[PDB]
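Some notes on the structure that comes next.
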Ligand SMILES: CC1=C(/C=C/C(C)=C/C=C/C(C)=C\C=C\C=C(C)\C=C\C=C(C)\C=C\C2=C(C)CCCC2(C)C)C(C)(C)CCC1
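Residue numbers (the authors' numbering), protein chains in the order written: chain F, 78 to 231; chain 4, 81 to 246; chain 1, 57 to 106, 112 to 226; chain G, 60 to 154.
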């Protein structure tokens, strides 16, 4: 809707892309597997990109010209989860990479000398620490701002 | 430099507030349930009231209730930093003024107390989780369908269903 | 929230309490000149009949010789600013604590001198009525600034609108 | 529409606030002192700022705007004329 022309429901330019291209990759008249059991353009690789179809999902999806899709990601119409849905996802996953970065680290410096523990890795992935990360509700999001890492630790 | 078990007034309060509202939410269903009666999101516009006026948009009923809700809600944040509620029932709860043991910082496990009566709401705590994570389930199962149970001569088996779309 | 509770002296205190605020107080009655064109509406079934110089149908006399550029608005205006600018000057210059000269020797002791030349003298109730005024011009007057064509011919059923807008 | 001489009226509001002091008190520019030759030395490098000298004119020369601005701009200004003009003078109204 926002400029790049509209979704699947009609994107001719998009249609023409579906067709030539793949459909021709077809257009090797045959090359022969009349029984034959191996060679897989034939089945899917097309059909897996091809039984892509007046359906794709549906997905809206903007299709500029040449009918390749453009992603607006505004908070509108159809398009919201082309950044946020897979955006908070990126955030959540990272940060539970480094929440445990700031963990199978702040667990040593200690006892009897710890000068390169780090290059062998008891327990690997920390693991133990690991799950801390999904079991963050809130986690750093208040504790980083108060106490522990605290302005004094600042 | 101080090692552990900080938290204090803190968010014991948060959970319990979840438990108490979760319990209420479940009551908001509850309603049909024996006379199967009415279902699901409903989006109701709630109970009604009976008509002279409406057609009903009639403004944003929620926005208003909610501005009011809002200085009850402050009252509580207040209390929690420095406390005054005559009953004094979450912060400790009743039996009140003590919880001293939390107030000066540092408890680490503590169980707690409450009420001039007795039986320590450890039994309200349960009735209270279940209702936590009961929404959890309840909300989850919409996506697909309204209803649970009663009878088998057919129902219990879950003989054919939808899936997720993929 | 200009204040929650910031703070400390002579400017916030000094320029800011006293005077921003006495100068906001000079404000409400003066707001009232404006609210006042408006009260002039404001009572129903009053008998305006008909001047009051609204909507530019032509002249103040006209004048003998031309009308001045075009219209009233500039005459009233130019003139008002020099007169009032003179008064903002009368506000300008005393001190409080005492005023003999451009005198050289009065810093503070303990304790503790003079309060904002005027401090409130009590009948800081004027202020409940005052804040309340700042709040209303703000907000409510704004409550119909925004799309404001029409006077009431009030319908039914209730009130408010929400989105919009 | 456009009150063009709304504002040229306007700007020689202020620079007549310039016709100022050349005339009155003392020799002019209050000196030079500092400008050629140069400053003590000074050497921050340096002075002079006073927040207090807004008084003197703001009341006296408030009038100046008017003098062309009034009756002289949109005046038929200096109508009260004639005064040696064979080669020519007038100067006749463009109004
Ligand atoms: C809505 C939106 C938007 C907006 C934006 C903005 C407005 C910006 C900004 C932002 C910002 C303003 C940022 C900053 C912040 C600050 C800070 C300060 C942060 C922080 C943090 C930290 C510190 C972290 C840490 C960590 C973690 C958490 C993980 C692990 C560990 C670590 C260490 C890594 C965008 C654009 C996106 C686009 C569209 C959408």
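We put the CB at the ideal spot given by N, CA and C, even for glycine.
Any chain 4 beta carbon closer than 8 Å to residue i
i, result
"residue 211 (chain 1)", "no"
"residue 223 (chain 1)", "yes"
"residue 197 (chain 1)", "no"
"residue 220 (chain 1)", "yes"
Beta carbon proximity, residue i to chain 1, threshold 8 Å
i, result
"residue 155 (chain G)", "Coverage of chain G is limited to positions 60 through 154, which leaves residue 155 (chain G) absent and any answer about it impossible."
"residue 66 (chain G)", "no"
"residue 121 (chain G)", "yes"
"residue 143 (chain 4)", "yes"
"residue 224 (chain 4)", "no"
"residue 153 (chain 4)", "no"
"residue 149 (chain 4)", "no"
"residue 199 (chain 4)", "no"
"residue 62 (chain G)", "yes"
"residue 237 (chain 4)", "no"
"residue 133 (chain 4)", "yes"
Ligand 2 heavy atom lying under 7 Å from the CB of residue i
i, result
"residue 164 (chain 4)", "Among the ligands in the structure shown, ligand 2 does not appear; only ligand 1 can be found there."
Distance cut-off 7 Å: residue i Cβ against heavy atoms of ligand 1
i, result
"residue 157 (chain F)", "no"
"residue 224 (chain F)", "no"
"residue 172 (chain F)", "yes"
"residue 184 (chain F)", "no"
"residue 209 (chain F)", "no"
"residue 217 (chain F)", "yes"
"residue 152 (chain 1)", "no"
"residue 213 (chain F)", "no"
"residue 129 (chain F)", "no"
"residue 114 (chain 1)", "no"
"residue 179 (chain F)", "yes"
"residue 225 (chain 4)", "no"
"residue 69 (chain G)", "no"
"residue 176 (chain F)", "yes"
Residue j beta carbon less than 8 Å from that of residue i
i, j, result
"residue 148 (chain 4)", "residue 172 (chain 4)", "no"
"residue 152 (chain G)", "residue 135 (chain G)", "yes"
"residue 163 (chain 4)", "residue 96 (chain 4)", "no"
"residue 139 (chain F)", "residue 210 (chain F)", "no"
"residue 87 (chain 1)", "residue 201 (chain 1)", "no"
"residue 119 (chain 4)", "residue 226 (chain 4)", "yes"
"residue 84 (chain 1)", "residue 194 (chain 1)", "yes"
"residue 133 (chain G)", "residue 64 (chain G)", "yes"
"residue 109 (chain 1)", "residue 132 (chain 1)", "Regarding the residue in question, residue 109 (chain 1) is not represented: chain 1 runs 106 and then 112, omitting everything in between."
"residue 174 (chain 4)", "residue 200 (chain 4)", "no"
"residue 156 (chain F)", "residue 148 (chain F)", "yes"
"residue 182 (chain 4)", "residue 110 (chain 4)", "no"
"residue 127 (chain F)", "residue 99 (chain F)", "yes"
"residue 164 (chain 1)", "residue 175 (chain 1)", "no"
"residue 140 (chain 4)", "residue 169 (chain 1)", "no"
"residue 70 (chain G)", "residue 130 (chain 1)", "no"
"residue 218 (chain 1)", "residue 117 (chain 4)", "no"
Neighbourhood of residue i by C-beta distance below 8 Å, restricted to the same chain and skipping five residues each side
i, result
"residue 137 (chain G)", "131"
"residue 186 (chain F)", "none"
"residue 113 (chain F)", "none"
"residue 144 (chain F)", "82, 88, 89, 90, 91, 92, 93, 94"
"residue 205 (chain 4)", "96, 99"
C-beta neighbour in chain F for residue i, strict 8 Å
i, result
"residue 113 (chain 4)", "no"
Contacting residues, own chain, Cβ-Cβ under 6 Å from residue i (five flanking each side not counted)
i, result
"residue 146 (chain F)", "138, 139, 140"
"residue 188 (chain 4)", "85"
"residue 128 (chain G)", "68"
Own chain partners of residue i with C-beta closer than 7 Å, once the 5 adjacent residues on each side are dropped
i, result
"residue 214 (chain 4)", "102, 106"
"residue 209 (chain 4)", "99"
Taking beta-carbon pairs under 7 Å, can you tell me which members of the segment 125-159 of chain 1 lie near chain G?
130, 143
Using a Cβ-Cβ cut-off of less than 7 Å, give me the residues of the segment 70-87 of chain G that come near chain 1, in sequence order.
Within the segment 70-87 of chain G, no residue has a Cβ that lies closer than 7 Å to any Cβ of chain 1.
Cβ-based contacts, 7 Å cut-off: residues of the segment 201-226 of chain F near chain 4:
224
Cβ-based contacts, 8 Å cut-off: residues of the segment 81-113 of chain 4 near chain F
86
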